[PDB]
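What follows is a short report on a single structure.
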Amino acid sequence: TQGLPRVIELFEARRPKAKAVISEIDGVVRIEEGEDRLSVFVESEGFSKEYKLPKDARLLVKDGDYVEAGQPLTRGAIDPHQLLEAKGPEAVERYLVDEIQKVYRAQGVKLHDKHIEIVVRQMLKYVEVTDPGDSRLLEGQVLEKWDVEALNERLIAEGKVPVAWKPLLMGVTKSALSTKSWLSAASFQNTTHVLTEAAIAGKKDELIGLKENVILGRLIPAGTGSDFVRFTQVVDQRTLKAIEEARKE
Amino acid sequence: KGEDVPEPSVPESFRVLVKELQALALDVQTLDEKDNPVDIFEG
Amino acid sequence: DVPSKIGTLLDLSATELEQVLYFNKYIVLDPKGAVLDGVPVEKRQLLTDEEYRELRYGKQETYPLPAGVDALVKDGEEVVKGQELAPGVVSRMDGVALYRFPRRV
Amino acid sequence: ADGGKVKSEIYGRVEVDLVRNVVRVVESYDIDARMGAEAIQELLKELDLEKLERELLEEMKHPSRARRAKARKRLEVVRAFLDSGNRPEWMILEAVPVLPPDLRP
């Protein structure tokens, strides 16, 4: 796949068309039988992995090749889900960006990597629990919501658990819905449930992002509306010596 | 008059939100920085 | 809702159970159900429209008889389910019989 | 009757039959099977919460382990409730509020 379908395919982060095989472990190569069914082996002393290939498989490794864990073996797309859990979230990040730009580049567009970088960061924004601290061990939680409950339950009030987590590859749209903010979660198709679930629990918003604030018509928390700037006041010289004449009476 | 437009302190569409919700139950209550109920009505 | 937010906090097997408890006949044996039925009372669980009648207000099923025909059962008699009360009617319930308004003294 | 004598052996409403000179007790218990939304409303109003937090934090250490995800999906709601403050009785309204006139003119 190429063009705009591919750009979606990456952001949405889906098992792509042409799920090119990638070695689960590093070792040596051992391709066998080009006729009946075709298969590539990855093997060392100890582990020995067998990957059965469609035949129509356009693999580009000749026999007895040395190999690296998570490195493509059959050519085509990598299932960025298989990559994550087999090479890393950081490593996944750098793949995605590199691969989207690939389309935009080859059609002819120039645009900064740091742009795509920002979105890919959100595609990773989430984590699933292993052995919890004050919840159930199946929950999907924001990475830096469970950061105050990690190296702070150890920075002062130590005890219980730092909470063990695992990274998760949310696909842009699915990373959209799972937001702390009932306000924005509402706009989406199922509005009852958000408002149901959310009301049962104390659920406060905080109005971190933008969409949320717009929904209530509040003043956007960016630019002229960013706390960092908005509070700035301005006074005149003659006016400032109208405070020297009035603050010690 | 020739005055520098308004400064719409609380947007109507906020008040209309709070209420449509109340008419369904669901408390919906506002809070300031330090975290004490603030109130957006009073009209 | 999608999971059934009330019909979780009291089990109430998803819905149907939770759904019948106003319209679709059926009553829930709220507190301290102290009865029998097939087994003892099912406490935090449903019960049919007939089940409540049999349990508090009592089952008093009338056994009406055609004029001219003499019945079978005597005055003080414990009559069982499947036992013929008359050559005209049967007993759907296990209970004692009596003469409500006679025709021949 | 007969002073401290003839004892009743069954749970039941009573009939006194002065013609028959017999007392009868009808098999019916004093169950409190209310119905409608008050039934469910009552059922939640009589529900200890942190006790149900124990019933399920003790449903994690000694379960049969066949459909454990069912008791888990119950916990979500329970703890969500428990920490929020929401008396889960307010899921059945006493007063329905009315939206102002010209918010639906």
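The way I read the labels, and the way they are meant: chains A, B, ... in the order of the structure tokens, residue 1 as the first residue of every chain, and ligand 1 as the first ligand shown, with later ones counted on from there.
If you take only C-alpha atoms and a cut-off of 9 Å, the residues of chain A that reach chain C are residues 192, 193, 196, 197 and 200 of chain A.
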What residues in chain A lie within 10 Å of chain B, counting only C-alpha atoms, written as a PyMOL selection string?
chain A and resi 195-196+198-200+202-204+206+213-219
Residues as selected, C-alpha atoms, written as an mmCIF file, in the first residue's frame, can you do that?
```cif
data_model
loop_
_atom_site.group_PDB
_atom_site.id
_atom_site.type_symbol
_atom_site.label_atom_id
_atom_site.label_comp_id
_atom_site.auth_asym_id
_atom_site.auth_seq_id
_atom_site.Cartn_x
_atom_site.Cartn_y
_atom_site.Cartn_z
ATOM 1 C CA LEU A 195 -21.779 10.959 30.974
ATOM 2 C CA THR A 196 -22.925 7.777 32.767
ATOM 3 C CA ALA A 198 -18.180 9.918 34.394
ATOM 4 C CA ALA A 199 -21.000 10.944 36.746
ATOM 5 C CA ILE A 200 -20.919 7.748 38.832
ATOM 6 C CA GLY A 202 -16.329 12.023 41.053
ATOM 7 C CA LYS A 203 -14.739 12.784 37.654
ATOM 8 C CA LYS A 204 -13.437 16.341 37.490
ATOM 9 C CA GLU A 206 -9.461 20.233 34.603
ATOM 10 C CA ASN A 213 -12.817 24.530 26.675
ATOM 11 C CA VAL A 214 -14.461 25.313 23.309
ATOM 12 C CA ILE A 215 -17.371 23.046 24.113
ATOM 13 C CA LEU A 216 -18.179 25.291 27.112
ATOM 14 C CA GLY A 217 -17.165 28.400 25.144
ATOM 15 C CA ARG A 218 -14.382 29.182 27.631
ATOM 16 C CA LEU A 219 -11.235 31.110 26.603
#
```
Write out as a PyMOL selection string each polymer residue whose atoms come within 8 Å of residue 25 (chain D), counting only C-alpha atoms; drop sequence neighbours fewer than 2 positions from it.
chain D and resi 8+10-15+23+27
Write out as CSV a residue-level contact list of chain D versus chain C with cut-off 6 Å: for each qualifying residue the closest pair of atoms and the distance in Å to one decimal, counting only C-alpha atoms, rows sorted by chain and residue number upward.
```
residue,atom,partner,partner_atom,distance
D:28,CA,C:56,CA,4.9
D:29,CA,C:56,CA,5.6
D:31,CA,C:33,CA,4.6
D:32,CA,C:31,CA,5.9
D:33,CA,C:29,CA,4.2
D:35,CA,C:27,CA,5.1
D:36,CA,C:22,CA,4.2
```
I need the residues from that last selection saved to file as a PDB file, in the first residue's frame (with N, CA and C atoms), if you can.
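Listing of selection.pdb after writing:
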```
ATOM      1  N   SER D  28     -49.120 -19.142  54.274  1.00  0.00           N
ATOM      2  CA  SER D  28     -48.644 -17.913  53.638  1.00  0.00           C
ATOM      3  C   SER D  28     -47.785 -17.134  54.622  1.00  0.00           C
ATOM      4  N   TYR D  29     -46.607 -16.728  54.166  1.00  0.00           N
ATOM      5  CA  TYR D  29     -45.618 -16.085  55.023  1.00  0.00           C
ATOM      6  C   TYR D  29     -45.662 -14.568  54.873  1.00  0.00           C
ATOM      7  N   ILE D  31     -43.609 -12.318  53.874  1.00  0.00           N
ATOM      8  CA  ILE D  31     -42.548 -11.785  53.028  1.00  0.00           C
ATOM      9  C   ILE D  31     -42.887 -10.343  52.649  1.00  0.00           C
ATOM     10  N   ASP D  32     -41.858  -9.556  52.363  1.00  0.00           N
ATOM     11  CA  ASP D  32     -42.047  -8.170  51.968  1.00  0.00           C
ATOM     12  C   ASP D  32     -41.617  -8.004  50.520  1.00  0.00           C
ATOM     13  N   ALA D  33     -42.366  -8.610  49.606  1.00  0.00           N
ATOM     14  CA  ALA D  33     -42.052  -8.486  48.190  1.00  0.00           C
ATOM     15  C   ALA D  33     -42.770  -7.283  47.585  1.00  0.00           C
ATOM     16  N   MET D  35     -42.747  -4.137  44.838  1.00  0.00           N
ATOM     17  CA  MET D  35     -42.413  -4.126  43.419  1.00  0.00           C
ATOM     18  C   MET D  35     -42.178  -2.703  42.895  1.00  0.00           C
ATOM     19  N   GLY D  36     -41.955  -2.583  41.585  1.00  0.00           N
ATOM     20  CA  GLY D  36     -41.759  -1.294  40.949  1.00  0.00           C
ATOM     21  C   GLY D  36     -40.392  -0.741  41.277  1.00  0.00           C
TER      22      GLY D  36
END
```
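A straight line drawn from CA of residue 97 (chain A) to CA of residue 10 (chain A) is 9.0 Å long.
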Select, as a ChimeraX atom specification, those residues of chain D with any atom no more than 8 Å from chain B (distances computed using only C-alpha atoms).
/D:96-99,103
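With only C-alpha atoms as the atoms that count, the minimum distance from chain A to the choices D:52, D:71, D:26, D:93 is reached by D:71.
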Would you please give, as an MDAnalysis selection string, all residues of chain C that DSSP assigns to strand (DSSP E) based on the backbone?
chainID C and resid 27:28 46:47 78:79 95:96
What lies within 12 Å of residue 104 (chain C) using only C-alpha atoms, ignoring chain neighbours under 4 positions off, as an NGL selection string?
:C and (67-71 or 99)
Go ahead and write the selection's residues with N, CA and C atoms as a compact mmCIF listing (two decimals), in the first residue's frame.
```
# COMPACT_ATOMS: atom_id res chain seq x y z
N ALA C 67 -74.81 -27.47 38.20
CA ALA C 67 -75.98 -27.76 39.02
C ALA C 67 -76.56 -29.16 38.77
N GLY C 68 -76.77 -29.91 39.85
CA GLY C 68 -77.36 -31.23 39.78
C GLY C 68 -76.40 -32.38 40.05
N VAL C 69 -75.09 -32.11 39.93
CA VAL C 69 -74.05 -33.13 40.07
C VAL C 69 -73.44 -33.12 41.48
N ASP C 70 -73.38 -34.29 42.11
CA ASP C 70 -72.82 -34.45 43.45
C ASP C 70 -71.30 -34.62 43.43
N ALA C 71 -70.64 -33.92 44.35
CA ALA C 71 -69.18 -33.92 44.45
C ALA C 71 -68.63 -35.17 45.14
N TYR C 99 -67.58 -26.73 51.80
CA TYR C 99 -68.83 -26.52 51.08
C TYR C 99 -69.26 -25.05 51.07
```
Residues at most 9 Å from residue 130 (chain A), counting only C-alpha atoms, excluding those fewer than 3 positions away in the same chain, as a short mmCIF file (atom, residue, chain, number, x, y, z; two decimals) with N, CA, C and O atoms, in the first residue's frame?
```cif
data_model
loop_
_atom_site.label_atom_id
_atom_site.label_comp_id
_atom_site.auth_asym_id
_atom_site.auth_seq_id
_atom_site.Cartn_x
_atom_site.Cartn_y
_atom_site.Cartn_z
N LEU A 137 -6.11 -4.22 38.14
CA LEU A 137 -4.99 -4.50 37.23
C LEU A 137 -5.42 -4.93 35.81
O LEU A 137 -5.07 -6.00 35.32
N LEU A 138 -6.18 -4.05 35.15
CA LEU A 138 -6.58 -4.20 33.75
C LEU A 138 -6.77 -2.83 33.07
O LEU A 138 -6.98 -2.74 31.86
N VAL A 163 3.72 0.92 41.26
CA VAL A 163 2.80 0.55 40.18
C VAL A 163 3.56 0.11 38.92
O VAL A 163 4.23 0.93 38.28
N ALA A 164 3.47 -1.17 38.57
CA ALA A 164 4.11 -1.68 37.36
C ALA A 164 3.19 -1.57 36.13
O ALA A 164 2.01 -1.92 36.19
N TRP A 165 3.75 -1.08 35.03
CA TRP A 165 3.00 -0.84 33.80
C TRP A 165 3.64 -1.48 32.57
O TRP A 165 4.78 -1.94 32.62
N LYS A 166 2.89 -1.51 31.46
CA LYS A 166 3.42 -1.89 30.15
C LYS A 166 2.94 -0.90 29.08
O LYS A 166 1.79 -0.48 29.12
#
```
Do you have, as a Markdown table, the list of residues of chain D lying at most 8 Å from chain A, each with its nearest atom pair and that distance in Å to one decimal, counting only C-alpha atoms and ordered by chain then number?
```
| residue | atom | partner | partner_atom | distance |
| --- | --- | --- | --- | --- |
| D:72 | CA | A:136 | CA | 7.9 |
| D:76 | CA | A:136 | CA | 7.5 |
| D:77 | CA | A:200 | CA | 7.8 |
| D:80 | CA | A:201 | CA | 5.0 |
| D:81 | CA | A:201 | CA | 5.7 |
| D:83 | CA | A:201 | CA | 7.5 |
| D:84 | CA | A:202 | CA | 4.4 |
| D:85 | CA | A:202 | CA | 7.3 |
| D:86 | CA | A:200 | CA | 6.9 |
```
Selection from above, C-alpha atoms, as a tab-separated table (two decimals), in the first residue's frame, can you write it?
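Written output follows (again_5.tsv):
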```tsv
chain	number	residue	atom	x	y	z
D	72	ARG	CA	-13.86	-7.64	38.15
D	76	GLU	CA	-14.99	-1.06	38.69
D	77	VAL	CA	-18.47	0.32	39.43
D	80	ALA	CA	-15.88	4.19	41.37
D	81	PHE	CA	-18.98	4.76	43.48
D	83	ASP	CA	-14.66	6.98	46.46
D	84	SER	CA	-16.88	9.47	44.60
D	85	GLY	CA	-19.37	10.00	47.42
D	86	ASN	CA	-22.48	9.22	45.36
```
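Distance-wise, CA of residue 142 (chain A) and CA of residue 177 (chain A) end up 12.1 Å apart.
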So that I can see what lies close to region 41-45 of chain D, please list as a ChimeraX atom specification the residues with an atom at most 7 Å from it, counting only C-alpha atoms and leaving out residues fewer than 2 positions away in the same chain.
/C:30 /D:37-39,47,88-89,92
For the selection you just gave me, I'd like the residues written to a file as a PDB file, in the first residue's frame, keeping N, CA, C and O atoms.
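In the end it all went to again_32.pdb:
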```
ATOM      1  N   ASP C  30     -37.792  -8.361  47.780  1.00  0.00           N
ATOM      2  CA  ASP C  30     -37.048  -7.334  48.511  1.00  0.00           C
ATOM      3  C   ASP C  30     -36.328  -7.819  49.793  1.00  0.00           C
ATOM      4  O   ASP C  30     -35.292  -8.478  49.680  1.00  0.00           O
TER       5      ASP C  30
ATOM      6  N   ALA D  37     -40.203   0.554  41.025  1.00  0.00           N
ATOM      7  CA  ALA D  37     -38.895   1.190  41.199  1.00  0.00           C
ATOM      8  C   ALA D  37     -38.505   1.424  42.660  1.00  0.00           C
ATOM      9  O   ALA D  37     -37.324   1.591  42.963  1.00  0.00           O
ATOM     10  N   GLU D  38     -39.494   1.421  43.554  1.00  0.00           N
ATOM     11  CA  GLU D  38     -39.251   1.506  44.998  1.00  0.00           C
ATOM     12  C   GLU D  38     -38.538   0.267  45.526  1.00  0.00           C
ATOM     13  O   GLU D  38     -37.720   0.368  46.441  1.00  0.00           O
ATOM     14  N   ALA D  39     -38.868  -0.891  44.949  1.00  0.00           N
ATOM     15  CA  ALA D  39     -38.244  -2.167  45.296  1.00  0.00           C
ATOM     16  C   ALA D  39     -36.744  -2.089  45.072  1.00  0.00           C
ATOM     17  O   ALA D  39     -35.957  -2.275  46.006  1.00  0.00           O
ATOM     18  N   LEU D  47     -27.676  -1.288  51.356  1.00  0.00           N
ATOM     19  CA  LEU D  47     -26.476  -1.848  50.738  1.00  0.00           C
ATOM     20  C   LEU D  47     -25.205  -1.244  51.342  1.00  0.00           C
ATOM     21  O   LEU D  47     -24.842  -0.101  51.040  1.00  0.00           O
ATOM     22  N   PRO D  88     -25.618   5.614  45.865  1.00  0.00           N
ATOM     23  CA  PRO D  88     -26.123   4.989  44.633  1.00  0.00           C
ATOM     24  C   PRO D  88     -27.634   4.804  44.654  1.00  0.00           C
ATOM     25  O   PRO D  88     -28.192   4.095  43.819  1.00  0.00           O
ATOM     26  N   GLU D  89     -28.270   5.440  45.629  1.00  0.00           N
ATOM     27  CA  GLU D  89     -29.718   5.502  45.738  1.00  0.00           C
ATOM     28  C   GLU D  89     -30.260   6.601  44.815  1.00  0.00           C
ATOM     29  O   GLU D  89     -31.419   6.566  44.383  1.00  0.00           O
ATOM     30  N   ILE D  92     -32.353   6.492  41.351  1.00  0.00           N
ATOM     31  CA  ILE D  92     -33.806   6.514  41.227  1.00  0.00           C
ATOM     32  C   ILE D  92     -34.293   7.795  41.881  1.00  0.00           C
ATOM     33  O   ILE D  92     -34.120   7.989  43.093  1.00  0.00           O
TER      34      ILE D  92
END
```
Å distance separating CA of residue 13 (chain A) from CA of residue 79 (chain A), one decimal place
8.2 Å
Output as a PyMOL selection string all residues of chain D that backbone DSSP marks as alpha helix (DSSP H).
chain D and resi 36-45+49-57+68-84
Who sits within 8 Å of residue 184 (chain A), only C-alpha atoms, same chain under 3 positions skipped, as a ChimeraX atom specification:
/A:179,181,187-188,211-212,215
